[PDB]
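Chains, contacts and geometry: an overview
Each chain is listed here by its residues.
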Amino acid sequence: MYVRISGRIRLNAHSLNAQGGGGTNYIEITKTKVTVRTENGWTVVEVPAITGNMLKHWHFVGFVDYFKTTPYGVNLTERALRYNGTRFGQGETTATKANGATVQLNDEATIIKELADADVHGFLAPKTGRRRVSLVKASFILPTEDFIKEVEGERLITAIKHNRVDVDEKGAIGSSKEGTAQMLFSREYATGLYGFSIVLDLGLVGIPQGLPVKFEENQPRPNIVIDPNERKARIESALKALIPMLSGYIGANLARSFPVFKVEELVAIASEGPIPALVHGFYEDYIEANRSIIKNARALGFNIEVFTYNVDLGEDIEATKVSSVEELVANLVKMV
Amino acid sequence: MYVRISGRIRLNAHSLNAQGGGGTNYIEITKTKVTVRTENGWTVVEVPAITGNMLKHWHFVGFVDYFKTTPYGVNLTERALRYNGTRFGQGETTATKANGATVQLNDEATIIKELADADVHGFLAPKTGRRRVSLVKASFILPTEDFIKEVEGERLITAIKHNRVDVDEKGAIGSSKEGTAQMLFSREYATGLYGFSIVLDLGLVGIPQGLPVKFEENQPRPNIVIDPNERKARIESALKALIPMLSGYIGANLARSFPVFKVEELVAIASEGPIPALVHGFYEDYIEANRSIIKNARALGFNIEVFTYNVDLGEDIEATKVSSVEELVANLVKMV
Amino acid sequence: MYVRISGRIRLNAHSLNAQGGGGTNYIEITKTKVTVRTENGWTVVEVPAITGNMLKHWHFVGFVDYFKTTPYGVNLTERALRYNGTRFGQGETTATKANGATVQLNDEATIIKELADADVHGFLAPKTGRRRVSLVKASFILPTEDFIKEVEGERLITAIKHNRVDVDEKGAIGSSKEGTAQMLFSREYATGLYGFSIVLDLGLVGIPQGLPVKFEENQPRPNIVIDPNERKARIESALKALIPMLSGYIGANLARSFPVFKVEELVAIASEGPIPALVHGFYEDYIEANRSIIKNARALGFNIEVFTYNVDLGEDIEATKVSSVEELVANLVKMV
Amino acid sequence: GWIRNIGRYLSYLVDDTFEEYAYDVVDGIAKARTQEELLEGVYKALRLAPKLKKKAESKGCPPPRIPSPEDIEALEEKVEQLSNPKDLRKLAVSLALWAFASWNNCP
Amino acid sequence: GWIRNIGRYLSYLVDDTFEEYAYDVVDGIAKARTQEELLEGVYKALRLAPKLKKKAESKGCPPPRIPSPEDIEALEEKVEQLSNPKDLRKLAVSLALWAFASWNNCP
Amino acid sequence: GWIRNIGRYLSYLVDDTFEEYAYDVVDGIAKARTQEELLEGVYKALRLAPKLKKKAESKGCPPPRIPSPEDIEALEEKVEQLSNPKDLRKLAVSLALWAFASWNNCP
Amino acid sequence: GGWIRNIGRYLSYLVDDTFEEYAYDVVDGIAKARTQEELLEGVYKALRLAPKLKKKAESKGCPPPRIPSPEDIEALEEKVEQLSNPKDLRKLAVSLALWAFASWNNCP
Amino acid sequence: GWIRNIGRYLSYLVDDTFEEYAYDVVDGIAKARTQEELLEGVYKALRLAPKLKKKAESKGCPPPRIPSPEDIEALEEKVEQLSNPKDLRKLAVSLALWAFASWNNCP
């Protein structure tokens, strides 16, 4: 079961995915270049953004959070309990098990049947050479094009400096000459209307990549190495992992920033067969394009199911109006 | 007690979280830029705000204040008694308890066992490398969209200028050559209606982050290193810490400003397991965005229990109509 | 049945086809030198690009994906089923069919009959010398010339640093002496308005190139070693393989980058007879060149069909306006 | 160039030897979005004329230089024809670029 | 020459001592594309001049070199002929390059 | 355009060499947002004319120039056809801004 | 006129070990200096990392980096001002770009 | 004449023990009509220092030696006066010639 969700969200006072400071007193958010038409030729502007790697890691955190409560939660990597996104590292041969056992890196079927995070997000063991591509693909989160076009430059990143109080046992504040630590570190906070294009394929969950099908009697028999109930639980956990991602649990510095989050709109498509990924919501005319992407795909012979959040998508399209993301994932988990 | 609360508060005549000014005669309230639709194109406006660091520190102050009274209050860091916001220095290896004992900074299980504030707010030891994610996360305090948009200008800030008078033993004002320690000391004063969306993942208290769940025989169990009564006391103190937060004990310049405070409305959800982060109250229609986030959340299998103050939240949703803040805390602590 | 496609596709925050570093923490994006006319005389500029080899590999991946669902999916290679792009490396004489059967390499007709990938994408067997040129040609992906004219370069590239958080059982980063794997690599991300051109020479599927005709009594006829249903299914799968190119499944690092990838405009031609390829979309003046090259070609007596998306082609040309790429592939598969 | 004369007066209220430190009005003039905001900021800056007139002599300083009534005409005619936010913001920032300069006053 | 003085002043915002690390103003001045961005970045940089003046005696360092009114009142019309971003980027980078030089701010 | 005579009259009650220094009327002129209070403020400012006329000869300088009745009348049809507050307050703040300058009231 | 080595010594701190600051992008941009404007931009990008190296050198028992003197900046500015031809601009850029990779004894 | 120390470095990019096979740098340094392309080629060859050093480090045998900064200025202080290509050839070809020798690096 493959599901593609893309939409527009509003962020304010967020500082997700900063470029760090390297031990210095200035930490700034990641920025990258985008191209806009601006009715005067395609110009390139630099805007704040959060990398897809961090979004994928937060999806993994949500997945491992919602998989523990499942009775099949023993089949998990012990390192993944503390949200350590390492998989197998570089110089590793035996992977720890949440139960306390050990897993040999080879025999990818064993890896996917015993570790759940490696099943969904893939893994790499270079000591032997085993690879498994991630079944969840995350895209960048850029501010939407029309917002940049209609803001007319006028950068929206504000540098707020908030200190570090160091009260000594004598109630004194000094410098490094006495053994104290007093720095007024500054952090960059931003805002704007961003877009997300989370795409995730779950048809290969529990399916080794060395032999997806068995061909017992010349039939495309899926090669599931785990219990079907376990596969269903894994898919349900992965689908419910979108509950915290679109509720505000994405990004760094949640303790002191906790981005002011609200999903402005989104569209999601789900199917059992392979389908084109929906265009990102960063572009201004994505919605109409997505409508076509739906309208001309159902007639081709795909049983695409479409859910929208306050998105019209015209008419004559079997689209379900979800009141919130929670109702969306509730609809998705029914067809697993 | 994964408790999420968000609401609107009428912060009138405050000066919380200034910009420091480096000690000159002019100091200003920190400002950040937020996006508003205005129904004719999204525009960014710069308005006063309260950084989440300040809110988290004041939560820590309330936590230690309400944890000292509990007989289990011995396990507090020495620096925490004086409300020192620091958690661990850049190059220190040991910590001092209230009674004067010494706590090592390795095997963070014992650190969270013998320390209370570091257990519930997290810490960081650069030398040994220990870390702990904060169990209390707070968001910015921003003026709401419906208010920021309908003012149509109205700079809010007034910059009242009040200076110190100094007289010597002869009743002489003095001059600059004699110093007399006179400065004009102009300060900015703001107003408006703001929102807050602080969250508390308190269900992980007293549990080491390295091994959050132990496996006795292929079955999960929480790794409660501390006594269960100690855990209950810590949870009760953390919940009651919100009482001197919605009463006017947040920010700085309390000795002179002490904001004229009142909670206009609020909604809180306690539940037991991982639940979606409640959306911020900064947006105008958040109530609707909440009415569609808890009514359908209960359908997925979440035991969400919702308390509301001055918010209808429909009628089909079983919402407890709380009349104040501290009895909301009482309802929250009834389920310990 | 021959197909040619060209057009302009917009890319943002893509990291497709980097040099990969190999033995360093820097992941350089591939560069190539292109000739820009310019009013000051022809110059050469270094721009990011996607090699055609990797584009062809992605087309093969899409072809396998949409050919497995076909009931005739048994005629695939074991390596092809794993997306292994190698075909009959040196020193080997046998092919492992996905069914587990063994296919000899002494005859081209048998290979193309029992192996779909070798038939469609060509193959080489250095041990026995059997060769077959691929039936799909892919050109490089370059930023369009007028884009370079308008942006004056701007270096069109950013570098984003990603860490490898190595948290051990004790929660430590290490000092490169215990066995830790914590460092900080970096990735190169680019954007721009690229141009693509794909040639589908689907007229020899199921037809060996040694003896393309039979001449039973001196009249031409195709030499097909498969039943017409197999040829139809192969052609339909190849045509549908363009869907996971114009939707965003082009490039590497899809787990973290997943290029934003909106298609901007496109023109496609399709005819049974041999047709000249269209002008690649990199050139700014390719609309008029393509218009002339289709008008005159139709004037010679070629029964070509023209599909256009977001391009006018004037009014004299009888071309069909296609709303989106899946509609284009539907129209293509409608005419055999 | 018709702005340095008023810029000197603007700098008179944020420098030493005059004890004003009214950063608020200068920031309002510099950070002006609409022309009404810029007019209000300039009005507030020009409001503190009489306070600084006789205080300079009481502190042994030459009288401060009010902009001549001629330049108000030019400023008004310029702000009337400047409606776009770009040029208006450019003028507003250029008005107070040297508000914190090193003008030699009260030797 | 008219760039060394302003660069000297800008170098005071990032250096040893003078504990006020403001990389935002330097970044905005260097990365400015249009005239308005450069002007507002310069205004933001000069807004901290009273802070540097106050901090000079607070640490015993010599008083900072506040730019004279002459160089700014020349630089303003030096800016107001640049119709292409290519000639503005070089000016901005020249302005912001001196901020990271080994100046003897506090000998 | 009927804007300098009223500015002179407003300045005549704030400028030096006089005794009646009523900042209330000039302050309220700037802070005006509706027709009724603005008309009340201008009328209140004009009612100070007799005192200025009677004190003009106390110094021997030429008497202040009271705005002509046509100038006063023009304001009625100039303000009656303004409905938006943005343009209504622009004239209100311009009237107060024109009061502060550096001419000579009377030799 | 002798300042090329002075700025190359500073530039070499962005590639060598014992610093954990592998900023190859700025070195490549300076080495690929097509025109004077983005050559100056690359130099500014290299100089922006000066505080990081300056403060982290003392954190690992190493001498502070030899940040180029304002005289070096003046020399670079005057060299760029008189250069309007890419012919010598290429060799000028390569001159200070090549010193980045050298066996400097930064930490004994 | 400071050729062996750079000849070994250029041989590092072609020796079979280093399976990277970057022949473009050798051809670029060998085929160099003028100054700029020779300098660009030697810079390209020098840019692969991390590759060589921590690819040989991963192999176990001792790492390659980067050319010392002492003779780095030696190349540029002599190539500046070699305007004539014919006299440039005598070292341009030899730089690549010394890269195809044995240079036993590590067993």
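Figured I'd write up the structure that's included with this text. (Residues numbered from 1 in each chain as written, not as in the entry; some residues may be left out. Chains lettered and ligands numbered in written order. Part of a larger assembly, values for the part shown. Heavy atoms only, no water. Residues with missing side-chain atoms left out of burial classes, pairs and counts.)

**Topic: helix α2 (residues 24-31) of chain G**
With respect to burial, α2(G) is a largely interior element, six of its eight residues being buried. Of the positions making up α2(G), those classed as buried are G:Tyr24, G:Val26, G:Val27, G:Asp28, G:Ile30 and G:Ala31. Here the buried face of α2(G) lies against β2 (26-27) of chain C, α1 (3-11), α3 (36-48) and α6 (86-98) of chain G together with α3 (35-46) and α4 (49-59) of chain H. (Buried < 20%, exposed > 50% of the residue type's maximum accessible area, 1.4 Å probe, protein only. Helix = DSSP H or I, 4+ residues; strand = E, 2+ residues; numbered from the N terminus. Contact = heavy atoms within 4.5 Å.)

**Examining the interface of chain C and chain A**
Facing the 50 residues of chain C at the interface are 53 residues of chain A. Carbon and sulfur atoms make up 59% of the area that chain C and chain A hide from each other, which totals about 4500 Å². For A:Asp285, the salt bridge is made with C:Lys262, and the minimal N-O distance between the two is 2.5 Å. Seen at the junction of chain C and chain A, the total is 22 residue pairs in polar contact. Those elements that place two or more of their residues in the side of chain C that touches chain A are β1 (2-14), α1 (52-68), α2 (78-81), α5 (145-151), β11 (157-163), β12 (184-201) and α9 (325-334) of chain C. Here the residues of the side of chain C that touches chain A sort into 25 nonpolar, 11 polar and 14 charged. (Buried area = accessible area lost by both parts, 1.4 Å probe. Salt bridge = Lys/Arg side-chain N within 4 Å of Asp/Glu carboxyl O. Polar contact = N/O pair within 3.5 Å; in protein donor to acceptor, adjacent residues only side chain to side chain. Nonpolar A, V, L, I, M, F, W, Y, C, P; charged D, E, K, R; others polar.)

**Focus: the nonpolar core**
Among the nonpolar cores identified, the biggest contains 192 residues, and D:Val26, D:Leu38, E:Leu38, E:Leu95, G:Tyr10 and G:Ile30 are the most heavily contacted of them. Ignoring sequence-local partners within four residues, the contact set of D:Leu38 consists of D:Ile29, D:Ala32, D:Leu88, D:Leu91, D:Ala92 and D:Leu95. Counting residues in hydrophobic clusters, the runner-up holds 80 residues, among them A:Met1, A:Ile9, A:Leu246 and B:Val306. (Core = buried A, V, L, I, M, F, W, Y, C linked by side-chain atoms within 4.5 Å.)

**Things to note about the arrangement of the chains**
In this structure chain B stays clear of chain F, and the shortest span between their C-alpha atoms is 11 Å. Where chain E comes nearest to chain H, the C-alpha atoms are still 23 Å apart, and the two do not contact one another.

**Some thoughts on the packing of aromatic side chains**
Taken as a whole, this structure holds 34 aromatic pairs over all chains when the rule is applied. A ring pair is formed by D:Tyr21 and D:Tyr23, whose centres lie 6.5 Å apart and whose planes are at 40°; its orientation type is tilted. D:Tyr23 matches D:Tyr21 in its accessibility class, with the two residues each being buried. Ring pairs connect the aromatic residues B:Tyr26, D:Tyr21, D:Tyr23, D:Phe100 and E:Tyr43, which therefore count as one cluster. Of note, B:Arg87 hangs over the ring of B:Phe60, and the distance from its end group to the ring centre comes to 5.3 Å. (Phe/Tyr/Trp six-rings, centres within 6.5 Å; stacked < 30°, edge-to-face > 60°. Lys NZ or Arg CZ within 6 Å of the ring centre and 35° of its normal.)

**Some thoughts on the relation of the copies chain C and chain A**
With an RMSD of 0.6 Å, chain C superimposes on chain A once it is rotated by 34° and translated 20 Å along the axis. Mapped onto chain A, only 2% of the interface residues of chain C are again interface residues, and the two copies thus contact each other with different surfaces. (Least-squares fit on C-alpha atoms.)

**Focus on the pairing of strand β14 (residues 305-309) of chain C**
All names here are of chain C. Counting buried positions over the five residues of β14 gives four, a clear majority of the element. Note: β14 against strand β15 (residues 320-321), two bridges, orientation parallel. Among the inter-strand pairings, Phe307 is bridged to a residue of β15, identified as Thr320. (Pairing = 2+ DSSP bridges.)

**Observations regarding the environment of B:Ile243**
Residue and element names in this part refer to chain B. Its place among the elements puts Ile243 in the loop between α6 (228-240) and β16 (263-269). On the basis of relative accessibility, which here comes to 24%, the residue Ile243 falls in the partly exposed class. A C-alpha to C-alpha distance of 9.4 Å links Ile243 and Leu328, two positions 85 residues apart in sequence. Setting aside anything within four residues of it in sequence, one finds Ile243 in contact with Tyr66, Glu326 and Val329.

**Details of the environment of B:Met183**
All names here are of chain B. With respect to the helices and strands, the residue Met183 is situated in the loop between α5 (145-150) and β11 (186-187). Relative accessible area serves as the criterion here: at 27%, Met183 is assigned to the partly exposed category. For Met183 and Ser323, which are 140 residues apart along the polypeptide, the C-alpha to C-alpha distance reads 46 Å.

**Describing helix α5 (residues 70-81) of chain G**
Spanning 12 residues, α5(G) covers 16 Å between terminal C-alpha atoms, matching the ideal 16 Å at 1.5 Å per step. Residues of α5(G) that are buried include every one of G:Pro70, G:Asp72, G:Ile73, G:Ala75, G:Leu76, G:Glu77 and G:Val80, and no others. (Expected span 1.5 Å × (residues − 1).)

**Description of a nonpolar patch on the surface**
All names here are of chain B. A surface patch of nonpolar side chains, amounting to about 290 Å² of accessible area, comprises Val165, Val167 and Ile173. Mapped onto the secondary structure, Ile173 falls in the loop between α5 and β11. We classify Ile173 as partly exposed; its relative accessible area is 44%. (Patch = residues over 30% accessible without salt bridge, like charges linked within 9 Å, V, L, I, M, F, W, Y side chains within 5 Å. Areas by Shrake-Rupley, 256 points an atom, 1.4 Å probe, with all protein chains shown as cover.)

**Concerning unusual backbone geometry**
Residues and elements named next belong to chain B. Positioned with a positive phi, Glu39 is a non-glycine residue whose angle comes to about 60°. Among the structural elements, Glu39 can be located in the loop between β3 (31-36) and β4 (43-48). Take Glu39: its relative accessible area is 79%, and that puts it in the exposed class. The phi dihedral of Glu154 falls on the positive side, at around 60°, and the residue is not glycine. Inspection of the secondary structure puts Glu154 in the loop between α5 and β11. Judged by relative accessible area, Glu154 falls into the partly exposed class, the value being 44%.

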